[PDB]
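Student: Here's a structure for you.
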Amino acid sequence: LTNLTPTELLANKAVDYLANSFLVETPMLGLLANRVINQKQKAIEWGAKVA
Amino acid sequence: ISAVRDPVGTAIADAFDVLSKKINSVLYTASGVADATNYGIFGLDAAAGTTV
């Protein structure tokens, strides 16, 4: 009875799993992430004793 | 910045830092002559000497 269950009509219950494993480690971001400063001004000004 | 609101204070701190650092430098190799490189200090290479 192959024909009487055509593939167009056999919707098999997939397993609720997405293989969403991509590189997400961002320790460079990780460190210096909780110390992000949200300015209300666009520029970042500071002094540097060059000599 | 707070380090510019007192250019006198900042220059004092800078001079103190560089002065401590020069003092440390001279206290090592200072032949004892006073010529702005060694400051009459005798250090260790004029106190003890340089070589055998």
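Every residue, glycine among them, receives a Cβ derived from its backbone with ideal geometry; neighbour counts consider all protein chains shown. Just so it is clear, none of the values below were taken in a lab; they were calculated from the coordinates.
Student: Considering chain A alone, what residues qualify as being of a type in the set (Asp, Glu), under 24 Å from residue B:4 (Cβ atoms) and away from chain B (no Cβ under 14 Å)?
Tutor: Filtering chain A down to residues of a type in the set (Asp, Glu) leaves A:8, A:16, A:25, A:45.
Keeping just the survivors that are under 24 Å from residue B:4 (Cβ atoms) gives A:45.
Listed by number, the list is empty, since nothing qualifies.
Student: Select, from B:47, B:11, B:3, the only residue that is within 14 Å of another protein chain (Cβ to nearest Cβ), assigned to a loop (DSSP other than H, G, I, E, B) and not aromatic (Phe, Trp, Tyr).
Tutor: On the way: B:47 fails: within 14 Å of another protein chain (Cβ to nearest Cβ); B:11 fails: assigned to a loop (DSSP other than H, G, I, E, B).
Just a single option satisfies the conditions, and that option is B:3.
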